[PDB]
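S.K.: Please find the sequence and an experimentally derived structure below.
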Amino acid sequence: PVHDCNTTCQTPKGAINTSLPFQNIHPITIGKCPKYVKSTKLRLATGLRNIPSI
Amino acid sequence: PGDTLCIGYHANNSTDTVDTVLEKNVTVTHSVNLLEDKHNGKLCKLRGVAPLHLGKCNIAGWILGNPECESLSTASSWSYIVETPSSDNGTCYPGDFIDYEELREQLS
Amino acid sequence: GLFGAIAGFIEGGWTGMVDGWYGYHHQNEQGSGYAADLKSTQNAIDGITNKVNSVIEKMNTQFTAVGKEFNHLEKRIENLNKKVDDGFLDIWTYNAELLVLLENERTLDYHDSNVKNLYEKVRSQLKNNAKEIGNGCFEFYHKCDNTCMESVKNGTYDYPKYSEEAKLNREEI
Amino acid sequence: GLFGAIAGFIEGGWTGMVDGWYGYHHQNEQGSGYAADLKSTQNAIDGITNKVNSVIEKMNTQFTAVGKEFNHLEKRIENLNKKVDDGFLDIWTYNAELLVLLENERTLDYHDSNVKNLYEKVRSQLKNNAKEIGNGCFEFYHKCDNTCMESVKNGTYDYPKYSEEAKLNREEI
Amino acid sequence: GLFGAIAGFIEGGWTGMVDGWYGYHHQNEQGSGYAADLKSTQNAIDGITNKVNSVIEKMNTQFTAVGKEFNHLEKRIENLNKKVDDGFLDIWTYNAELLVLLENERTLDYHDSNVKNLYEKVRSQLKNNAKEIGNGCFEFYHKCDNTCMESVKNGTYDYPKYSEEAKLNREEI
Amino acid sequence: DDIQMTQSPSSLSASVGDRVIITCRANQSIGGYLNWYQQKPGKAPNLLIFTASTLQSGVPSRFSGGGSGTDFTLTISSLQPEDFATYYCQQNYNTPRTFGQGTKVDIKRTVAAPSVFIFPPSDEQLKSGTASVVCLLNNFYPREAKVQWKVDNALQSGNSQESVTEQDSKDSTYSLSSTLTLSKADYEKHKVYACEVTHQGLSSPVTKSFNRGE
Amino acid sequence: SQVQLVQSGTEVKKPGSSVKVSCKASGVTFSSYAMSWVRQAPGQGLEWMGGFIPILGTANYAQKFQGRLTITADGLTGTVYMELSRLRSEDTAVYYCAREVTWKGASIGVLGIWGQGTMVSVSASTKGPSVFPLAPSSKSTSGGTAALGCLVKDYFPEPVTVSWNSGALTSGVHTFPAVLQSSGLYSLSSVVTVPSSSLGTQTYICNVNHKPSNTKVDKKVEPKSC
Amino acid sequence: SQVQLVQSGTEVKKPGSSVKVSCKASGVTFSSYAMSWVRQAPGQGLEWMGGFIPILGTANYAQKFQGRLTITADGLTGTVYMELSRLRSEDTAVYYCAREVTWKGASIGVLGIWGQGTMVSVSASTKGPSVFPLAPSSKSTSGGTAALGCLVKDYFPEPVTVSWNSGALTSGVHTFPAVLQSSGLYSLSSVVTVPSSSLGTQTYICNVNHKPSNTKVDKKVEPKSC
Ligand SMILES: *[C@@H]1O[C@H](CO)[C@@H](O[C@@H]2O[C@H](CO)[C@@H](O)[C@H](O)[C@H]2NC(C)=O)[C@H](O)[C@H]1NC(C)=O
Ligand SMILES: *[C@@H]1O[C@H](CO)[C@@H](O)[C@H](O)[C@H]1NC(C)=O
Ligand SMILES: *[C@@H]1O[C@H](CO)[C@@H](O)[C@H](O)[C@H]1NC(C)=O
Ligand SMILES: *[C@@H]1O[C@H](CO)[C@@H](O)[C@H](O)[C@H]1NC(C)=O
Ligand SMILES: [Mg+2]
Ligand SMILES: [Mg+2]
């Protein structure tokens, strides 16, 4: 469906945000869009190993 | 005994998990996601301008004047063209649209 | 871990430390509390900042388009277009997943080294004026007030000041 | 090495140790023999397992074909097909060789750290009740039976139990 | 650093050491001077040599050409040629910059480990016959002539030779 | 706890080519976690020094930060016309990024006496229930001056607002306007309104005053 | 390279409301550098409000802004938003955004790249100014030159353009900066030192324009009250 | 994701022979996870036989299987084969293959994903069953209901389908599981508790089919031996 929303990246499945460098929703896009990858999880560790009390 | 001093690291209530080369699902105090896995599920306006919708009638019928392509979006600007997969109405009289693929991007 | 500090002799972390990544816990007559080490935390934050920036800065946004569809005669080129898009897709997906997996372990080991150097700096500073009781703790053989505690953290610690005070307790046992 | 344990103070490995990657050798009144450390070996095996899986899991098999040959008119596209196949071939060959060379050194350093942490765990446990004679060995200053030997390996070692027994031999020299 | 030796307890380097990457500075009755450690320097040079060769050896020169220009009808293939050249350009630029940034930190950490193992080899050799005064220095508790100094550097150091000589000075304080 | 960044001095006047040394002290010892900034009127601040000794890329070598621990400094070897702005010091030690109070640099010229002037409230203004008295000082150097709103030979405090202009390009002087805002009823309860002005150029305090009826 | 931080435009907000200010970067997209927000009251010093660290994903604020400040970031785009609620006239200032980075890479303590600034004004409603002539009596004459001016009082928001004699009288004109009274409205006085030999020759008029209130006034500074 | 281990089909082998069982995975090809083989005798517990570690490239076996077990892997495909020589009737069991992995990555000690199982039967040759009626005498009558059944004895290999009255008699039918005798052949008895008022009214026949031996028999359970 074509709703009256606003976007900078449009895919056949739906519009997506360009706040992250990668996407996996659809390989076909129009506009300034991130790089499509078949990955399901790309999370970069920055903190330490979270070890609570025990 | 007496006075003591210790050295330790920081912990919090984070549930984020990361995958390393040697280990999987490692809990981390902080992390950053590089992959957007969410879509709003609707076709929005690109760069402010709304797209051009056509419905069950395709581009060929729309630009030629198919009688089913009579009442629809008559706009002066559009960011892109949306065609439904069920688009069947179109070149009702049998024939071949010469350079149809070229015209589709020209009218995009 | 790689350096044996996190999940090593220091088995767990402190939930009460909410001001930094690495720090100290003191227990003297005046009181007890947590205090993060400024030098290690700030340098680590900038280092991880540069690590993240080293990955995503060059990965800039691209203008995309559906492009011209392929007619019946344009079959061979259509297959070539499928070949190149799939080739780039397979390479980028493999490299992105592999880089994240490799860098995450290096990031975890980076914290391990930072904690270890903090322990060694305290261990080298105190020398014989404290006892290594394990789990990253140091039972002082002398009297350490708040000024003495901060002196170790600031790096301006004086072994001769409490050398004889500790030596009497060392020779006591 | 990177951690200085393998090919460092421990110059060579044990051929008699056939049950694990890292372990201990004891020499008491009852007897002598080899015994691998379970905690270090099993974790290392899983870690290297994940490292290998991290490389080959995503490298899945592909359906291949000879494809249509190129006629005289299909010269430009034929050159483009040669361009893309050679481009992917050069990239994959370079990345595969480079990754193996880099990861192999990290794998070797991984064993170096695992051995070093095992030595430090024993060194911190025994403290003054043993003498660091080099080459990863520890001459006990007290009487260590089989129960005492396993206590160090299991991590449930008691310094106070043999504190006075070792102290007499320490002050002897 | 990662190992805490360079820019760690050893804050700065020696400008007078012009014969090797890692070495010693002695101060005895006969005189003082700099002397690089042969074992650590030569191995490090070969290792960094192999690291550089591991990157550039496979990156061989390519024969290039302007190629046929594209006519009006050759528009779709011209776009495909632009697609593949840009795709390879983006991948190679990203991988080259990323590899250099990652390997440079590993190279810096490689020197950190090499310095640390040199310090530990001296620290384990001297044991109680010297005092760890910090900054990688060792105040000898006994008399060390030129022969004694080289013995530590060559690795053929004898603790029992100066054990009683140092012990008198240890028990002096 | 928090940190307090105090600079010394707060305002200095120097000529082109004169050495300028601005110091910054701290609540507690901060080692080298200090930075220096420069702000021009109507523009955003610009960084010059970080870690108290590392010059920012693009800053001229004439700027030389220094200090370690509790006391720091910012030295300009050759003061140039483009270095006439305000300077601040900021710390990186603790979470509150405490700034300094600032230090303004002024160009040097001959000491010029002001032109004290007084303006009574307007007739139409006196019909709206408000009365404003304006005291004007024109083309004086240096900036340091004191304005005393004396009413019925009694100085008034808490009712005066001062506005000053930047150094004019030609005369290199300032201009000050002090406004005394008070109600119409309070205006007609007194006769003589005065403006006492003290300044370096004036050997004796020059004061101007007016009566209500005139 | 040559990265520039572009903030949102100047916003005029009623008291007790909430204003959101954006801080967008240029050049390399998808950056994770730490960002900070700093305000500066007109004529006052710099004041640090808070900052965001995308690595930690959290933000830290000063004590006075705890509960009113809400610093958010749009993923890794490098754009950082600032939200301040329960605005008062004391919060009227120029708000800056800065990237924490040096040539040595990321630097958490420094502010290498600054924004363009965003002016925020707070008062109950838009109010037109009023011009009151400053009497050019003989008491305002000294050294052969006289003194006269116009008093602009109780206007909001800034700025106000004041010209003399339809822009003809330029030299000697000193337009003083506005001062925020305790009433929440600004006031300024533009004066000019004219020679004493022109009071009876040239009529003097100040042209005051306030586009926010669409008010334009031209008031004659009549010599003396007569 | 949702990886499933598919083993080879059930194999019937003569004693003293060697059987090879495959264990192929699905989804991600080229895996190096450690694998293990576990057998379970019918009605008994689980018994660990051995395992393979592709990282080490070697295998380790239990003491009882040292010399008879040969666990091999087809490169890194994830398929692992099991070879057992000198098979006996005591080795007749269901053989499982399991992948050693958790959600925390590789786990050498655990068996997260299991196979479908592979039944192996061992006896000298295929032998047809025999049906012996269980006499429904008055001694088998208690509580108003009687008891009768059919005894299937000395058949190999399993399974055998037993139905009553061409499948008509369903309720009250208890077909007992087979038991491996010391002779190496199985035996089972299917019984049914019919009311006492039906011995002289309805004839009872058990339909026994043994497809491996292609033997089908229908034996009347004649009331009493008369
Ligand atoms: C794209 O970004 C917008 C803005 O962040 C998201 O909208 C938010 O969604 C959350 C989740 O329900 C709400 O709580 C917020 O109120 C929404 N607005 C804002 C300003 O945060 C949106 O969900 C995102 N969509 C995708 C597909 O990424
Ligand atoms: C720093 O100054 C502040 C404000 O004067 C004060 O609250 C704080 O206690 C000071 N820090 C000290 C004294 O360590
Ligand atoms: C290094 O410094 C130079 C100038 O000193 C600067 O141009 C360059 O951008 C810096 N490099 C980085 C990565 O910041
Ligand atoms: C991490 O755990 C989740 C569920 O707890 C699981 O779905 C996911 O596959 C796990 N990740 C890995 C790498 O095993
Ligand atoms: Mg709707
Ligand atoms: Mg945290």
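M.R.: All right, it came through fine. Numbers count the residues shown, from 1 in each chain, chains lettered A, B, ... in the order given. Ligands and ions are numbered 1, 2, ... in the order given.
S.K.: Ramachandran coordinates for the nearest residue to residue G:10 once chain neighbours are set aside?
M.R.: The shortest distance from residue G:10 to any non-neighbouring residue, by C-beta to C-beta, 6 or more residues apart in numbering or on different chains, is to residue G:119 (4.3 Å). In short, each C-beta sits where N, CA and C put it, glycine included. In terms of degrees, to the nearest 10, the main-chain angles of residue G:119 are phi -80, psi 130.
S.K.: For the closest residue to chain D within chain C, which non-adjacent residue is spatially closest?
M.R.: Closest residue of chain C to chain D, C-beta to the nearest C-beta: residue C:4 (3.8 Å). In this structure, residue C:4 finds its nearest non-sequential neighbour in residue D:117, 3.8 Å apart by C-beta to C-beta, 6+ apart.
S.K.: Repeat that for residue C:77.
M.R.: Per C-beta to C-beta, 6+ apart, closest to residue C:77 is residue E:76, 5.8 Å.
S.K.: Am I right that that neighbour sits in a helix?
M.R.: Yes: under DSSP: H, G, I helix; E, B strand; the rest coil, residue E:76 falls within a helix.
S.K.: what's around the residue nearest to residue G:10, how many residues?
M.R.: 16 (other C-beta atoms under 10 Å in any protein chain shown).
S.K.: tell me the contacts of it?
M.R.: Applying C-beta atoms under 8 Å, 6 or more residues apart in numbering or on different chains, we find residue G:119 in contact with G:10, G:93, G:94, G:95.
S.K.: Next, count neighbours for the closest residue in space to residue C:13 that isn't next to it in sequence.
M.R.: Sequence neighbours aside, residue B:11 is the residue nearest to residue C:13 in space, at 3.5 Å (criterion: C-beta to C-beta, 6+ apart). A count of neighbours around residue B:11, defined by other C-beta under 10 Å, yields 22.
S.K.: what residues are up against residue B:11?
M.R.: A:48, A:50, A:51, A:52, B:29, C:12, C:13, C:14, C:15, C:17.
S.K.: any idea which of the residues you listed has the most stuff around it?
M.R.: Greatest neighbour count in the contacts of residue B:11, by other C-beta under 10 Å, goes to residue A:48: 28 neighbours.
S.K.: how about the nearest residue to that residue, chain neighbours excluded?
M.R.: residue C:111 (4.3 Å).
S.K.: Same question for residue B:31.
M.R.: The nearest residue in space to residue B:31 (C-beta to C-beta, 6+ apart) is residue B:16, at 4.3 Å.
S.K.: ok, the one you found to residue C:129 distance?
M.R.: Per C-beta to C-beta, to the nearest Å, residue B:16 is found 41 Å from residue C:129.
S.K.: So those two - more neighbours on which side?
M.R.: Neighbour totals were compared for residue B:16 and residue C:129, and residue C:129 leads with 25 against 18 (other C-beta under 10 Å).
S.K.: Could you give the backbone dihedrals for that one?
M.R.: According to degrees, to the nearest 10, residue C:129 has phi -80, psi 10.
S.K.: Same check on residue C:147?
M.R.: According to degrees, to the nearest 10, residue C:147 has phi -60, psi -40.
S.K.: Next, work out how far apart it and ligand 4 are.
M.R.: 48 Å (C-beta to the nearest ligand atom, to the nearest Å).
S.K.: count of neighbours near that residue?
M.R.: Using other C-beta under 10 Å, residue C:147 has 9 other residues around it.
S.K.: Likewise for residue G:11?
M.R.: 15.
S.K.: Then residue C:149?
M.R.: 22.
S.K.: got the angle between the helix or strand harbouring the residue nearest to residue C:4 and helix C:75-126?
M.R.: Assigned by DSSP states H and E, residue D:117 belongs to helix D:75-126. Angle, helix D:75-126 to helix C:75-126, by axes from the mean of the first three to the mean of the last three C-alpha atoms, to 10 degrees: 20 degrees.
S.K.: helices or strands up against helix D:75-126?
M.R.: For helix D:75-126, the elements it packs on are helix C:75-126, helix D:38-56, strand D:137-140, helix D:146-154, helix E:38-56, helix E:75-126, judged by 3 or more C-beta pairs under 8 Å, 6 or more residues apart in numbering or on different chains; DSSP states H and E.
S.K.: among those, which is nearest ligand 1?
M.R.: helix C:75-126 (19.1 Å; C-beta to the nearest ligand atom).
S.K.: Check the offset of that closest one from the chain's centre.
M.R.: 16 Å (C-alpha atoms, centre = their mean, to the nearest Å).
S.K.: Give me the distance between the residue sitting furthest away from the middle of chain C and chain F.
M.R.: Within chain C, residue C:73 marks the point farthest from the mean C-alpha position, 58.6 Å out by C-alpha atoms, centre = their mean. Note on residue C:73: its distance to chain F, by C-beta to the nearest C-beta, to the nearest Å, is 57 Å.
S.K.: Also residue G:2?
M.R.: Taking C-beta to the nearest C-beta, one finds residue G:2 at 10 Å from chain F.
S.K.: For chain A, just list every one of the strands.
M.R.: For chain A, the strands defined by DSSP state E occupy A:6-7, A:22-23, A:31-33, A:35-36, A:43-45.
S.K.: is any part of stretch B:32-41 close to chain A?
M.R.: Yes: counting by C-beta under 8 Å from any C-beta of the partner chain, chain A has neighbours in stretch B:32-41: B:32, B:33, B:34, B:35, B:36, B:37, B:38, B:39, B:40, B:41.
S.K.: Buried residues in that stretch, which are they?
M.R.: B:32, B:33, B:34, B:35, B:36, B:39, B:40 (16 or more other C-beta atoms under 10 Å in any protein chain shown).
S.K.: go on, stretch F:120-134?
M.R.: F:120, F:121, F:122, F:125, F:126, F:130, F:131, F:132, F:133, F:134.
S.K.: pretty sure the third one contacts residue G:135?
M.R.: Yes: under the criterion of C-beta atoms under 8 Å, residue F:122 is in contact with residue G:135, at a separation of 7.4 Å.
S.K.: what helix or strand is the closest residue to chain A within chain F on?
M.R.: Residue of chain F nearest chain A, by C-beta to the nearest C-beta: residue F:95 (17.9 Å). Here residue F:95, judged by DSSP H and E, is contained in no helix and no strand.
S.K.: what residues are up against it?
M.R.: Residue F:95 neighbours (C-beta under 8 Å, 6+ apart): C:19, G:60.
S.K.: got it, and the one 5 residues further on?
M.R.: Residues counted as contacts of residue F:100 (C-beta under 8 Å, 6+ apart) are F:5, F:6, F:7, F:24, F:88, F:89, F:90, G:45.
S.K.: Spatially central residue in chain B, please.
M.R.: Note on chain B: the residue nearest the mean C-alpha position is residue B:39, at 6.8 Å, using C-alpha atoms, centre = their mean.
S.K.: circling back: looking at the buried residues of stretch F:120-134, which one is closest to chain E?
M.R.: residue F:134 (62.6 Å).
S.K.: Hmm, residue G:151 and that closest one touching each other?
M.R.: Yes: under the criterion of C-beta under 8 Å, residue F:134 makes contact with residue G:151 at 6.5 Å.
S.K.: Now the common contact residues for these two.
M.R.: Common neighbours of residue F:134 and residue G:151 (criterion: C-beta under 8 Å, 6+ apart): F:179, G:134, G:189.
S.K.: Residues in a beta bridge with the residue nearest the centre of chain A, which ones?
M.R.: By C-alpha atoms, centre = their mean, chain A has its centre lying nearest to residue A:23, at 4.0 Å. On the basis of DSSP bridges, residue A:23 takes part in beta bridges with residue A:36, residue B:36.
S.K.: Contacts only, for whichever residue of chain B sits closest to chain G.
M.R.: When scored by C-beta to the nearest C-beta, chain B has residue B:30 as its residue closest to chain G, at 5.1 Å. Contacts of residue B:30 were listed using C-beta under 8 Å, 6+ apart, and they are A:46, A:47, B:14, B:16, G:55, G:56, G:57.
S.K.: Look up the residues forming beta bridges with the residue nearest the centre of chain G.
M.R.: Centre of chain G computed as the mean C-alpha position; nearest residue by C-alpha atoms, centre = their mean is residue G:119, 5.3 Å away. With DSSP bridges applied, residue G:119 shows beta-bridge pairing to residue G:94.
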